[PDB]
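The structure appears right after this line, and notes come after that.
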Amino acid sequence: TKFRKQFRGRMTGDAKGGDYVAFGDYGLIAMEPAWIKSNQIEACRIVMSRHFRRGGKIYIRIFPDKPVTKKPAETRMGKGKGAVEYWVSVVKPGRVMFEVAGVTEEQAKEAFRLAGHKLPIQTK
Amino acid sequence: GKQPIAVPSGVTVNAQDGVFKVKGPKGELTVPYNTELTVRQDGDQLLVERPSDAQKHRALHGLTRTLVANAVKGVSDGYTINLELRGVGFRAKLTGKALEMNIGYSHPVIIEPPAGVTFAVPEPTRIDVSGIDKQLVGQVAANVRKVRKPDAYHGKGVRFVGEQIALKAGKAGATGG
Amino acid sequence: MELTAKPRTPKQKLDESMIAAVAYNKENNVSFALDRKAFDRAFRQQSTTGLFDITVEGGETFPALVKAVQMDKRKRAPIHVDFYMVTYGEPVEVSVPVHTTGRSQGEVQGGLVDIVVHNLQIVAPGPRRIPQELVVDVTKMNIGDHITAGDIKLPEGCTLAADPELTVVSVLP
Amino acid sequence: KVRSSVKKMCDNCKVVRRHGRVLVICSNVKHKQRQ
Amino acid sequence: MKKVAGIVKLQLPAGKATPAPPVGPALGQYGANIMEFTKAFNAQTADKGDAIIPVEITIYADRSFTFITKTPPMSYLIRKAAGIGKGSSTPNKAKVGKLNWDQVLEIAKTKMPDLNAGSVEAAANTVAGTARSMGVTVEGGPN
RNA sequence: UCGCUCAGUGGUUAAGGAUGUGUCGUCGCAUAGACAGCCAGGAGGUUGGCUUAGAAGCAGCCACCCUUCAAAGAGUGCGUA
């Protein structure tokens, strides 16, 4: 649900990034490239949509990066194989920003749910 | 911090590194005090002290003319602790220092009536006790909430005097026998 | 709301409460500082709306405005931003925001609160000021109307950037 | 049950200063948790 | 009528309580009706075959029943030049429901026998929205 | 000089928390001596139209106009078909 092919690759490395923007309502940013298992962010919106409403659309500022290549475990003493994992990784970018009112950040309350690390909401 | 209170001129306090006690109509309250906290009498009224700034007189003081109440109950004040009960009758006599409490099993369980709360009895339907302790006034009140616990339905035993406590419910409500 | 300070280094720019500060007025560079108490009176109600003074240590009096907003990336400790001061003859960067406000007449078919997540607008402003008076977000969200960026209630004059046709608020419930 | 930053939940829930807790005591009668 | 009364409020329909379905002997055992439904909302409740008629229905230790009720035409003169159809759906959706322009005169000009106010700029302020639940547009306002 | 100070961490450890704490900015305000712990006010058109047994302040959709009076909520939570 990211690329459709265009060859494997990628490496590692942590720090911060660049993708922060002055929000119009009530922002929310990551703080370093924390932990989101792809098949975690594959439960980021639905969990932010248990029943917030019949309809309703806002905005995010990220997109699945990934592949990792994990390989079996019969005898790890070789090269590689293929991804079969997936991950997003980010900086301190926006990802929510509500536009209602009384609700405030109800869906930015169980966002921290699928978040082993720290991801404040802030506001702007 | 406090100081004001309600009591005429019929009581005297010590002034000896914590040894104090009351001496009115039956009291001799246990006092025991530190060393950084003391204060001496100043007449029919009292005063406030602060021989040392900060957190040193706000853990053991700023509420000293308060525990006086623990002794006020009797030296001039009253005492009563009055409750009612509905868990199978209301009977309790002392004939010494051993109320029997008529409820449930032949298997005794008798408690040992202390000095000051040792019961009087007069009215059976609702025991009366001259608890001049203020240590075991509400505790004894609680002496029947650890075993004979009231039924979680109608409005029995444990009750103060008249509140919106109501009687517990569940699914609906009914009772017979 | 005073000034003073000096430090040509990032020493007192990374020490508890302070900032970094920048100035480049006509024959007036240097990098001051100042504390950071009620130093978040930018995007609140003072966003170019009005222009007081400052009384800097020694000479002159420059009104100036706010020069957009910025806060801080991720956290909330606004790392150094910027600060415009009307005294130049040709920079850019204007702060003409576009909000979202109301009950959201989205429950007509299906649609929530006016989203928008950007932080950039088709704007221009000649001199350097950036007034405070504009709406655009409302106007019967449905179809056969819409209200975005291209002309609107536009500051004062016309606009100049590159290609006048961003996106901003829009509708699409 | 649970021993970490789990917040107040209903201001009625006093924090309690003990050994090193955080506590949470409802608003009336329902839950009396403690670590 | 020993020395105390009851209370309780009910939305007594068009009198249905004789066969069974409605609420005959289902609402009468502690002193409601049983053997009297007529000449007690059927009395002067026959000025029409479909109204409302409010009352506080006294319920004493005895069973005789007579009268003592409110004044229902208070809330009926604005409930018979309309009906129950395409009126109450989901208020706030388009432009549904309408009464009449001139019918915004004697449709607030009925607050005096019951409305404890009943005055100028007072006998039409409480009732200035009755079909508010239907969510429609004034077109007039009690002039 | 002196704080966090009281857990023995400091001598294997974290996403989430508890109204513990030395200290910097606002607020409706106890120089109307507010709220936070009470006495008295606690009802009318409408007890709202509608799924209609009544649903009548609370099994439902929707909706918030005024009244005795110098003001008072289309009703949070209790009982509950």
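Since every read-out is calculated from the coordinates, none of them should be taken as a lab result. Cβ placement follows ideal geometry from the backbone for every residue including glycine, while neighbour counts extend to all protein chains displayed.
Mind checking which residues of segment C:21-54 are of a type in the set (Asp, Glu) and within 16 Å of RNA strand F (Cβ to nearest atom)?
The first filter runs over segment C:21-54 and keeps only residues of a type in the set (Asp, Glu), leaving C:27, C:35, C:40, C:53.
C:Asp35, C:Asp40 - these are the residues of segment C:21-54 that are of a type in the set (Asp, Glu) and within 16 Å of RNA strand F (Cβ to nearest atom).
Being surrounded by fewer than 14 Cβ atoms within 10 Å (Cβ to Cβ), part of a loop (DSSP other than H, G, I, E, B), more than 7 Å from RNA strand F (Cβ to nearest atom) and on the phi < 0 side of the Ramachandran plot is the requirement here; does E:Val138 meet it? Please lay out each step first, then the result.
Values: surrounded by fewer than 14 Cβ atoms within 10 Å (Cβ to Cβ): yes; part of a loop (DSSP other than H, G, I, E, B): yes; more than 7 Å from RNA strand F (Cβ to nearest atom): yes; on the phi < 0 side of the Ramachandran plot: yes.
Yes.
Would you check which residues across segment A:1-37 are of a type in the set (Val, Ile, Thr) and in contact with a strand residue (DSSP E or B) (Cβ under 9 Å, 6 or more places away or on another chain) and list them? Please lay out each step first, then the result.
Kept after step one, since they are of a type in the set (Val, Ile, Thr), are these residues of segment A:1-37: A:1, A:12, A:21, A:29, A:36.
A:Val21, A:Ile29 - these are the residues of segment A:1-37 that are of a type in the set (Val, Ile, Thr) and in contact with a strand residue (DSSP E or B) (Cβ under 9 Å, 6 or more places away or on another chain).
Of the residues B:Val147, B:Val129, which is exposed (fewer than 11 other Cβ atoms within 10 Å of the Cβ), more than 16 Å from RNA strand F (Cβ to nearest atom) and of a type in the set (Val, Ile, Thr)?
On the way: B:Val129 fails: exposed (fewer than 11 other Cβ atoms within 10 Å of the Cβ).
After ruling out the rest, the residue left standing is B:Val147.
Is there a residue in segment E:49-66 that is within 12 Å of RNA strand F (Cβ to nearest atom), small (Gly, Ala, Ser) and away from chain B (no Cβ under 14 Å)?
Step one: filter segment E:49-66 for residues within 12 Å of RNA strand F (Cβ to nearest atom), giving E:49-57, E:59.
So of that shortlist, the ones also small (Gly, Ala, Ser) come out as E:49, E:51.
With the extra rule that they be away from chain B (no Cβ under 14 Å), the set shrinks to E:49, E:51.
Yes: one or more hits.
Just need a number here: residues in segment B:150-166 that are aliphatic (A, V, I, L, M) and either surrounded by 12 or more Cβ atoms within 10 Å (Cβ to Cβ) or not in a loop (DSSP other than H, G, I, E, B) (or both).
Taking segment B:150-166 first, the residues aliphatic (A, V, I, L, M) are B:152, B:158, B:161, B:165-166.
Now narrow it down to the ones that are either surrounded by 12 or more Cβ atoms within 10 Å (Cβ to Cβ) or not in a loop (DSSP other than H, G, I, E, B) (or both): B:158.
Total satisfying the criteria: 1.
Among residues belonging to segment C:36-63 that are among the β-branched types (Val, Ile, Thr) and within 21 Å of C:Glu93 (Cα to Cα), point out the one that is nearest to the chain's Cα centre (by Cα). Steps first, please.
Residues of segment C:36-63 that are among the β-branched types (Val, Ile, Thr), as a first pass: C:48-49, C:54-56, C:61.
Applying the additional criterion that residues be within 21 Å of C:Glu93 (Cα to Cα) yields C:48-49.
Details: C:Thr48: 7, C:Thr49: 10 Å.
The extreme case among them is C:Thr48.
Between residues in segment A:25-53 that are closer than 27 Å to A:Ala15 by Cβ and residues that are surrounded by fewer than 16 Cβ atoms within 10 Å (Cβ to Cβ) and of a type in the set (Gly, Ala, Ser), which pairs lie under 8 Å by C-beta distance while being six or more apart or on different chains?
If the second residue must be surrounded by fewer than 16 Cβ atoms within 10 Å (Cβ to Cβ) and of a type in the set (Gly, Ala, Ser), the pairs left are A:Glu32/A:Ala15; A:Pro33/A:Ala15; A:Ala34/A:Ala115; A:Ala34/A:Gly116; A:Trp35/A:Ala115; A:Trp35/A:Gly116; A:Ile36/A:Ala115.
Which one is farthest from E:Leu12 (Cα to Cα), of the residues in segment E:71-101 that are touching an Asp or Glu at 6+ places or on another chain (Cβ under 6 Å) and assigned to a loop (DSSP other than H, G, I, E, B)? I'd like the intermediate steps shown before the answer.
Of segment E:71-101, the ones touching an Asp or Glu at 6+ places or on another chain (Cβ under 6 Å) are E:71, E:74, E:101.
Retained after the next criterion (residues that are assigned to a loop (DSSP other than H, G, I, E, B)): E:71, E:101.
Numbers: E:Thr71: 14, E:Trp101: 31 Å.
Here the answer is E:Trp101.
Taking segment A:13-34 as the search range and keeping residues that are buried (at least 20 other Cβ atoms within 10 Å of the Cβ) and within 8 Å of chain C (Cβ to nearest Cβ), which one is nearest to the chain's Cα centre (by Cα)?
A:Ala30
Name the one entry in C:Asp82, C:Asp114 that is among the charged types (D, E, K, R) and surrounded by fewer than 18 Cβ atoms within 10 Å (Cβ to Cβ).
Every option except C:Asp82 fails the conditions.
Return the total of residues in segment B:5-20 being under 11 Å from B:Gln45 (Cα atoms) and either outside any loop (DSSP other than H, G, I, E, B) or aromatic (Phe, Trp, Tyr) (or both).
The total comes to 0.
Would you mind telling me which numbered condition in (1) farther than 30 Å from A:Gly17 by Cβ; (2) within 14 Å of another protein chain (Cβ to nearest Cβ); (3) among the polar types (S, T, N, Q) C:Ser95 fails?
Among (1) farther than 30 Å from A:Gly17 by Cβ; (2) within 14 Å of another protein chain (Cβ to nearest Cβ); (3) among the polar types (S, T, N, Q), the lone unmet condition for C:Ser95 is (1).
Being away from chain D (no Cβ under 14 Å) and within 16 Å of RNA strand F (Cβ to nearest atom) is the filter here, so list the residues in segment B:150-166 that pass it.
Within segment B:150-166, the subset away from chain D (no Cβ under 14 Å) is B:150-151, B:153-157, B:159-162.
Hits for segment B:150-166 are B:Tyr153, B:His154, B:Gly155, B:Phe160, B:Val161, B:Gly162.
Take segment E:75-91 and flag every residue that is away from chain C (no Cβ under 14 Å) and surrounded by 11 or more Cβ atoms within 10 Å (Cβ to Cβ).
Initially, segment E:75-91 is screened for residues away from chain C (no Cβ under 14 Å), giving E:75-89.
Across segment E:75-91, the qualifying residues are E:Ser75, E:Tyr76, E:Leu77, E:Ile78, E:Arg79, E:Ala81, E:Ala82, E:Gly87, E:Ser88, E:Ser89.
Being away from chain A (no Cβ under 14 Å) and either within 8 Å of C:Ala42 (Cβ to Cβ) or surrounded by 20 or more Cβ atoms within 10 Å (Cβ to Cβ) (or both) is the filter here; which residues of segment C:57-71 pass it? First the steps, then the outcome.
Restricting attention to segment C:57-71, the residues satisfying the condition of being away from chain A (no Cβ under 14 Å) are C:57-65.
Across segment C:57-71, the qualifying residue is only C:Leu65.
Take A:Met48 and tell me if it is of a type in the set (A, V, I, L, M, F, W, C), within 14 Å of chain C (Cβ to nearest Cβ) and at positive phi. Spell out how you get there, then give the answer.
Numbers: of a type in the set (A, V, I, L, M, F, W, C): yes; within 14 Å of chain C (Cβ to nearest Cβ): yes; at positive phi: no.
Considered against the rule, which asks whether it is of a type in the set (A, V, I, L, M, F, W, C), within 14 Å of chain C (Cβ to nearest Cβ) and at positive phi, A:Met48 comes out as no.
What residue, among those in segment E:92-120 that are within 6 Å of RNA strand F (Cβ to nearest atom) and exposed (fewer than 12 other Cβ atoms within 10 Å of the Cβ), is farthest from E:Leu77 (Cα to Cα)? Reasoning before the result, please.
From segment E:92-120, those within 6 Å of RNA strand F (Cβ to nearest atom) are E:92, E:111, E:114-117, E:119; that's our starting set.
Subset that is exposed (fewer than 12 other Cβ atoms within 10 Å of the Cβ): E:92, E:116, E:119.
Working: E:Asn92: 26, E:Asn116: 19, E:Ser119: 19 Å.
Filtering segment E:92-120 for residues that are within 6 Å of RNA strand F (Cβ to nearest atom) and exposed (fewer than 12 other Cβ atoms within 10 Å of the Cβ), the one farthest from E:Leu77 (Cα to Cα) comes out as E:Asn92.
Report, by residue number, each residue of segment D:9-35 that is within 14 Å of another protein chain (Cβ to nearest Cβ) and near RNA strand F (Cβ under 8 Å from one of its atoms).
Let us first name the residues in segment D:9-35 that are within 14 Å of another protein chain (Cβ to nearest Cβ), namely D:9, D:17, D:28-30.
The answer is D:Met9, D:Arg17.
Out of all the residues in segment B:52-92, which are of a type in the set (A, V, I, L, M, F, W, C) and either assigned to a loop (DSSP other than H, G, I, E, B) or closer than 23 Å to B:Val121 by Cβ (or both)?
B:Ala54, B:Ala59, B:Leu60, B:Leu63, B:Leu67, B:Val68, B:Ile81, B:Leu83, B:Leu85, B:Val88, B:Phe90, B:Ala92
Taking only pairs six or more apart or across chains, which ones have beta-carbon atoms under 8 Å, a first residue in segment C:154-173 that is within 11 Å of chain A (Cβ to nearest Cβ) and on the phi < 0 side of the Ramachandran plot, and a second residue that is acidic (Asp, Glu) and crowded, with 17+ Cβ neighbours inside 10 Å?
Between residues of segment C:154-173 that are within 11 Å of chain A (Cβ to nearest Cβ) and on the phi < 0 side of the Ramachandran plot and residues that are acidic (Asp, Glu) and crowded, with 17+ Cβ neighbours inside 10 Å, the close pairs are C:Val169/C:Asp114; C:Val169/C:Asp137.
Rundown of residues vs (1) more than 14 Å from every other protein chain (Cβ to nearest Cβ); (2) under 15 Å from A:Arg95 (Cβ atoms); (3) buried (at least 16 other Cβ atoms within 10 Å of the Cβ), yes/no style:
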site	(1), (2), (3)
A:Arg4	yes, no, no
A:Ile36	yes, yes, yes
A:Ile41	yes, yes, yes
A:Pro67	yes, no, yes
A:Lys71	yes, no, no
A:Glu74	yes, no, no
A:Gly80	yes, no, no
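State whether the residues of segment A:94-107 include one that is in a loop (DSSP other than H, G, I, E, B) and either away from chain C (no Cβ under 13 Å) or under 24 Å from A:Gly9 (Cα atoms) (or both). So that I can check it myself, show each step before the final result.
If we filter segment A:94-107 for residues that are in a loop (DSSP other than H, G, I, E, B), which is where we start, we get A:95-97, A:99-105.
Narrowing the set further to residues that are either away from chain C (no Cβ under 13 Å) or under 24 Å from A:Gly9 (Cα atoms) (or both) leaves none.
Looking for residues that are in a loop (DSSP other than H, G, I, E, B) and either away from chain C (no Cβ under 13 Å) or under 24 Å from A:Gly9 (Cα atoms) (or both), one finds none in segment A:94-107, hence no.
I need a count of the residues in segment E:1-18 that are of a type in the set (S, T, N, Q) and either within 6 Å of RNA strand F (Cβ to nearest atom) or not in a loop (DSSP other than H, G, I, E, B) (or both).
Within segment E:1-18, the first condition is being of a type in the set (S, T, N, Q), and the residues that meet it are E:11, E:18.
With either within 6 Å of RNA strand F (Cβ to nearest atom) or not in a loop (DSSP other than H, G, I, E, B) (or both) added as a condition, the list becomes E:11.
Residues flagged as of a type in the set (S, T, N, Q) and either within 6 Å of RNA strand F (Cβ to nearest atom) or not in a loop (DSSP other than H, G, I, E, B) (or both) within segment E:1-18 amount to 1.
Among the residues of segment E:19-43, count how many are more than 10 Å from RNA strand F (Cβ to nearest atom) and surrounded by 12 or more Cβ atoms within 10 Å (Cβ to Cβ).
Number satisfying all stated conditions: 12.
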